[PDB]
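The chain that follows stands alone, in the form deposited in one PDB entry, written as structure tokens.
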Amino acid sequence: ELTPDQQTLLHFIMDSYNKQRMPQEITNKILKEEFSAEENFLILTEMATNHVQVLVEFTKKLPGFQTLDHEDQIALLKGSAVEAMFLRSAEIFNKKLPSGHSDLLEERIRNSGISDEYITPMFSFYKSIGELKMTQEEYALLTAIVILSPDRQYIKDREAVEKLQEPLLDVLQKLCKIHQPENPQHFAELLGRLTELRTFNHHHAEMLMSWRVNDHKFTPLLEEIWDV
């Protein structure tokens, strides 16, 4: 049994989460454009920039986020972005997409100048997330939880952030005992994946280092959320 407040919170979040769209201007490129590495990298750069917009729109609308210290709000976006991005792509790769999209998107990522060192962990993480057979509820809440991690670099008031995080952890723990009745592990299995998810903070840093020594260029929004 969820409380009446925890039912108000979860509606506030799945409303927030289901506005997350990738425009067709961009999805149509998966199938339409030529297959070359320059073109693949560019398709991903658009995809990234548009999603980073959508992520700041989601984060903005989290309960209590607006109340937070201004320098901390930034530390939260910058610390959480890589994780929130890889979690999203994991939802996308375990979801029914239009015909051919799953397959060709994969092929594009696989020929976009990303070393095999990092392609591998990427797709075995998507497999791993696939097996928890998650719901939109759980994607939304995990994403929300990841964003409001209080233990990122730079954060000045941890307690403030804890206070917004803990409510969401509560709702997710109670949802794991409801919709997965015969397994008390589901919730600690989820939190277990966040460890694997946290490795992409290194993989993605290398992905960029490598991209940059080959004179590739990113949008000014991506440059901001991903710098120093």
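Only residues modelled in both forms are compared. Rigid core: the largest C-alpha set superposing within 1.5 Å between the two forms. In case it trips you up, residue 1 is the first one in the sequence shown, and so on.
- Taking the PDB entry as given, 146-154 carries the higher mean Cα B factor of the two stretches 79-87 and 146-154.
- In this entry, the higher average B-factor at the C-alpha atoms falls on 18-26, of the pair 18-26 and 215-223.
- Highest CA B-factor among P121, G130, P98, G113, as stated in the entry: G130.
- When the C-alpha B-factors of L175, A37, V52, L194 are read from the PDB record, the largest value belongs to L175.
- Split the chain's modelled residues into thirds by C-alpha temperature factor. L68 is in the middle one.
- Placement of the Cα temperature factor of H202 within the chain: lowest third of the modelled residues, per the deposited record.
- Remark: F187 belongs to the highest third of its chain, ranked by C-alpha B-factor as recorded.
- Compared with the other modelled residues of the chain, the Cα B-factor recorded for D103 ranks in the middle third.
- In the deposited entry, the Cα temperature factor of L168 sits in the top third of values across the chain's modelled residues.
From this point on, the text means the form deposited in another entry, which you will not see here.
- Per-residue Cα shift between this form and the one not shown after core alignment stays below 2 Å for all of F58, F65, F187, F200 except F200.
- In the core-superposed comparison between this form and the one not shown, the C-alpha atom of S210 has shifted by at least 2 angstroms.
- Note on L10 and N201: their C-alpha atoms are more widely spaced in the other form, a change of at least 3 Å from this conformation.
- Relative to what is shown, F58 and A205 are closer in the other form; their C-alpha atoms differ in spacing by at least 3 Å.
- Against the superposed rigid core, the consecutive-residue runs (3 or more long) showing CA movement of at least 2 Å between this form and the one not shown span 199-217, 219-226.
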